[PDB]
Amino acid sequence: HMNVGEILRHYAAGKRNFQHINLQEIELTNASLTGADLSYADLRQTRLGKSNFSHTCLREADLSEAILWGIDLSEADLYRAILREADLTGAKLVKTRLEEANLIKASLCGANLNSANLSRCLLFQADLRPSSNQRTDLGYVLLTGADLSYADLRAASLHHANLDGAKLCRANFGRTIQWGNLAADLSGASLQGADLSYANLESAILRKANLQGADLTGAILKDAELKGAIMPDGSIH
């Protein structure tokens, strides 16, 4: 049941073990707790904008409805963490470990998720459209077996992303007029056995993407860039 001065004093003193601590609603904007162990901690509705939580342990922590805009979570371990409806707009999520995390209704607009591990995460209705500053970067992200049903990925960059076995039902990979009319760019991505049914792939860039075994039932593929893509049947477009 800990306040700002308490945690800042303890961390300054060299304390790193904050497992299970209740920090609900705390404000730590612009501050650093880098390397702290916050496994199993309660960070719900915290205000952590622009803070430095790089290399933190946040295994199975609860950050539901937290304000995490522009947070640095690079290389943090968020294994099975709960980030339901968290605001991660413009967050740095480079090599962040988010395996089996709950990101339902989260905003990740303009976040950098380069090489992040979101294997088997829940991303139902998440917002991954551009922020006012940049498109969302999911280069080399692992989204294997994740569920992104209804997620909004317009203009997202997904170069070499792994979406194998992912559920992408009704996900939006189209252009956004707000951001240069850029479509989602899945160049070189793998979507083997993915469920793309009813997904919007209009003008999506699918060059050299692997769609083998994927379900395209009802998907909108009008004007998609398919050159070199492996089609569901294994043929090369």
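Just count from 1 along the sequence shown to find any residue number.
Taking the PDB entry as given, 48-56 carries the higher mean Cα B factor of the two stretches 189-197 and 48-56. Comparing 152-160 with 115-123, the stretch with the higher mean C-alpha B-factor in the PDB entry is 152-160. Comparing the listed residues 176, 210, 39, 172, the entry records the largest Cα B-factor for 176. Residue 105: CA B factor in the lowest third of modelled residues in this chain (values from the PDB entry). Split the chain's modelled residues into thirds by C-alpha temperature factor. Residue 168 is in the lowest one. The deposited CA B-factor of residue 135 belongs to the highest third of values across its chain. Looking at the C-alpha B-factors along this chain, the one for residue 184 belongs to the middle third.
Ranked by Cα temperature factor within the chain, residue 204 sits in the middle third according to the deposited record.
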